[PDB]
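Okay, so the sequence shown: first residue is 62 according to the deposited numbering, each after it adds one.
Ideal Cβ placement from N, Cα and C applies to all residues, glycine included.
A short worksheet on the structure shown next.
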Amino acid sequence: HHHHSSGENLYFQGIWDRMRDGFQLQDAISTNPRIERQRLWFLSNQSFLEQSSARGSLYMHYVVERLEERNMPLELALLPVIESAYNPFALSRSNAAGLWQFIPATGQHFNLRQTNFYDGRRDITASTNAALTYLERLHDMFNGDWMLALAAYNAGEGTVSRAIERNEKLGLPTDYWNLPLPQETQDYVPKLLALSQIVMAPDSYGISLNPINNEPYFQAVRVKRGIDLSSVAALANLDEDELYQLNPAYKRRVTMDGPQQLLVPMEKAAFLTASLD
Ligand SMILES: CC(=O)N[C@H]1[C@H](O[C@H]2C[C@@H](C(=O)NCCS(=O)(=O)O)[NH2+][C@@H]2CO)O[C@H](CO)[C@@H](OS(=O)(=O)O)[C@@H]1O
Ligand SMILES: [Zn+2]
Ligand SMILES: [Zn+2]
């Protein structure tokens, strides 16, 4: 690994190059049929990544910065693509919510509060920090192995541990690829690896990625609880829809629960701070 400071990080031309700089899993990848299968899916469903990237442009700078600070694999900045298509309103059949697809119980473990009007799993900053912590902890639990960490993120640490124990007793290898996991978990890791290979060298697959500037999109500003999204949008001449996309924790755009804080476009943050005083 290497590190870059705040100063150096500014010099990347776009977010894709910045993300690629911190990839940590590429050298470990081999020719697996499981990876190829997932790579084919991305090529034959090209609108998927394009739509994910357009939505993700709101959030990717923040995610990348958090990953860099913790020296975690920047391939994880693509995990919300796989999990939610970078749609923080996505809700799975298991009730997994937000960019990072926390189920209620795991959300509660990380103190992501769920009321009738606020879901901290959808909250961009809270859910991101919780997801990275969970992934780091899982990685540490499986002796530094990011593949097993990812598998446990999807299937639970118990499932993965039991699969390891089961293979050990049979005298079989205990690496991710050899574990008899649920099919969703079997596909999970190769999906991320496949996607990361395309992001690393998109030309080689006949793909073009939407350029995304290497700049912050939003800034947090304090807002007291008696102020709705519409009023904030009016005050700073913001698009209310974009503001909702930046603050998806608030169900029906109701801001009565949760933190006294909104993410707002960087360019308006100073004015809003001053006007709310
Ligand atoms: C981040 C998160 O909440 N991860 C949890 C994961 O969610 C998974 C579930 C999956 C999901 O929603 N699957 C259904 C998809 S579909 O609706 O059928 O398409 N997506 C989430 C993140 O990968 O499910 C397992 C098992 O329950 C949990 O482990 S356990 O608590 O030890 O059991 C684990 O904590
Ligand atoms: Zn270091
Ligand atoms: Zn570098």
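Between which two residues does the beta strand (DSSP E) holding residue i run?
i: residue 322; result: 322-326
i: residue 107; result: Looking at the DSSP string, residue 107 is not in any beta strand (DSSP E); the run it does join, the alpha helix (DSSP H), is 107-117.
i: residue 280; result: 279-283
Among residues of its own chain, excluding the 5 on either side of residue i, which ones have a beta-carbon nearer than 7 angstroms to its beta-carbon?
i: residue 215; result: 245, 246, 249
i: residue 190; result: 127
i: residue 153; result: 162
i: residue 210; result: 196, 199, 200, 203
i: residue 164; result: 155, 156, 157
i: residue 305; result: 290, 314
i: residue 285; result: 321
i: residue 342; result: Past the edges of the chain, shown from 62 to 338, lies residue 342, and the structure says nothing about it.
i: residue 330; result: 280, 282
i: residue 139; result: 253, 256, 257, 260
Ends of the alpha helix (DSSP H) at residue i?
i: residue 192; result: 185-202
i: residue 128; result: 121-131
i: residue 225; result: 218-231
i: residue 68; result: 67-70
i: residue 76; result: 76-82
i: residue 235; result: No alpha helix (DSSP H) holds residue 235; DSSP gives it neither H nor E.
i: residue 144; result: 140-145
i: residue 166; result: 165-170
Among residues of its own chain, excluding the 5 on either side of residue i, which ones have a beta-carbon nearer than 6 angstroms to its beta-carbon?
i: residue 84; result: 135, 136
i: residue 307; result: 279, 324
i: residue 143; result: 252, 253
i: residue 95; result: 251
i: residue 302; result: none
i: residue 213; result: 199, 221
i: residue 179; result: 310, 318, 319
Among residues of its own chain, excluding the 5 on either side of residue i, which ones have a beta-carbon nearer than 8 angstroms to its beta-carbon?
i: residue 131; result: 193, 197
i: residue 62; result: 85, 132
i: residue 67; result: none
i: residue 169; result: 175
i: residue 65; result: 82, 129
In whole angstroms, what separates the C-alpha of residue i from that of residue j?
i: residue 255; j: residue 288; result: 44 angstroms
i: residue 226; j: residue 91; result: 25 angstroms
i: residue 337; j: residue 129; result: 32 angstroms
i: residue 318; j: residue 181; result: 10 angstroms
i: residue 237; j: residue 108; result: 30 angstroms
i: residue 260; j: residue 270; result: 8 angstroms
i: residue 291; j: residue 333; result: 14 angstroms
i: residue 242; j: residue 167; result: 20 angstroms
i: residue 69; j: residue 82; result: 12 angstroms
i: residue 118; j: residue 276; result: 10 angstroms
i: residue 220; j: residue 328; result: 46 angstroms
i: residue 160; j: residue 141; result: 5 angstroms
i: residue 104; j: residue 73; result: 27 angstroms
i: residue 217; j: residue 207; result: 14 angstroms
i: residue 300; j: residue 309; result: 14 angstroms
i: residue 335; j: residue 316; result: 20 angstroms
i: residue 312; j: residue 240; result: 39 angstroms
i: residue 106; j: residue 116; result: 17 angstroms
i: residue 223; j: residue 272; result: 43 angstroms
i: residue 326; j: residue 274; result: 14 angstroms
i: residue 205; j: residue 87; result: 16 angstroms
i: residue 93; j: residue 71; result: 36 angstroms
Between the stretch 221-236 and the stretch 76-96, do at least 3 Cβ pairs fall closer than 8 angstroms? no
In chain order, each alpha helix (DSSP H) run of at least 4 residues that lies wholly inside the stretch 248-322: 290-297, 301-307
Quick test of the definition: if touching needs 3 or more C-beta pairs under 8 angstroms, does the stretch 174-184 touch the stretch 101-112? no
Is it the case that the stretch 180-193 contacts the stretch 121-134, given that we only count it when at least three CB pairs across the two stretches are under 8 angstroms? yes
Is the stretch 265-285 touching the stretch 294-303 in the sense that three or more CB pairs, one from each, lie closer than 8 angstroms? no
The stretch 148-163 touching the stretch 88-108, judged by at least three CB pairs closer than 8 angstroms: no
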